[PDB]
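What follows is one chain in structure tokens, specifically the form deposited in one PDB entry.
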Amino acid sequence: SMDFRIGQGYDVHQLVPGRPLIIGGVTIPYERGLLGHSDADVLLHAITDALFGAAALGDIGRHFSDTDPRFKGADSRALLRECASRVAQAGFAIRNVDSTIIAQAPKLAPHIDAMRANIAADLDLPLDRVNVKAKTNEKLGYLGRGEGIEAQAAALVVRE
């Protein structure tokens, strides 16, 4: 139809030795990893929040509590797929997703297509409606010092 809605999402996680690096469902060879409840997939969290926002359904925290047994130990791709099911049942179809990863290292460009493929699979979208961008923070802040990684997302949906 013509009942479009937009949503936006943000997420950040600390970057310290000890954990694997998983961004967009992709396990990336690195010395440090992202600290969170589960995989701490900062990119999928931001996209999930953008989708809930576009549907005016709250946020990732109110749908998938860390305490909730039904999502104990679920990984962020499963959360993303459950997010999309709720978006559909509210009557919305996803038109496109765009996103940015901000990280001082490692280089993420080799893994962009893998992330796009995971996200498009999880959302049941054609590949050319999913986009992921990645850049450094020019050595500024806790991002520029490699203490964390941030993700931003935007989503467009339409009531159908």
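C-alpha atoms forming the largest set that superposes within 1.5 Å between two forms make up the rigid core. Shifts are known only where both forms have a C-alpha. Sequential numbering from 1, following the sequence displayed.
task: Return whichever of 125 to 133 and 32 to 40 has the greater mean Cα B factor according to the PDB record.
output: Looking at the recorded C-alpha B-factors, 32 to 40 comes out higher on average.
- prompt: Taking the recorded C-alpha temperature factors, which stretch has the higher mean, 54 to 62 or 95 to 103?
  reply: Comparing averages over the C-alpha atoms only gives 54 to 62.
- request: Quick one: which of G24, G141, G18, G9 shows the highest Cα temperature factor in the PDB entry?
  value: By C-alpha B-factor in the record, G18 ranks first.
message: Please place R116 in the lowest, middle or highest third of its chain according to the CA B-factor in the PDB entry.
response: Bottom third by C-alpha B-factor.
As for the form deposited in another entry, it is not shown, yet the points below apply to it.
message: Using a rigid core superposition, assess whether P110 undergoes a CA shift of 2 Å or more between this form and the one not shown.
response: No; that C-alpha moves by less than 2 Å between this form and the one not shown.
- prompt: Do you see a C-alpha shift of 2 Å or more at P69 between this form and the one not shown, with the core held fixed?
  reply: Yes, the C-alpha moves 2 Å or more.
query: Is the CA-CA spacing of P69 and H37 tighter or wider in the other entry than here, given a 3 Å or more change?
result: Those two alpha carbons end up closer in the other entry.
- prompt: Closer or farther: how do the CA atoms of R70 and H63 lie in the other entry, compared with the form shown, if the change is at least 3 Å?
  reply: Pair moves farther apart in the other entry.
query: Superposing on the core, what residue ranges of at least 3 consecutive positions move by 2 angstroms or more in Cα between this form and the one not shown?
result: Core-superposed, the single displaced stretch is 66 to 74.
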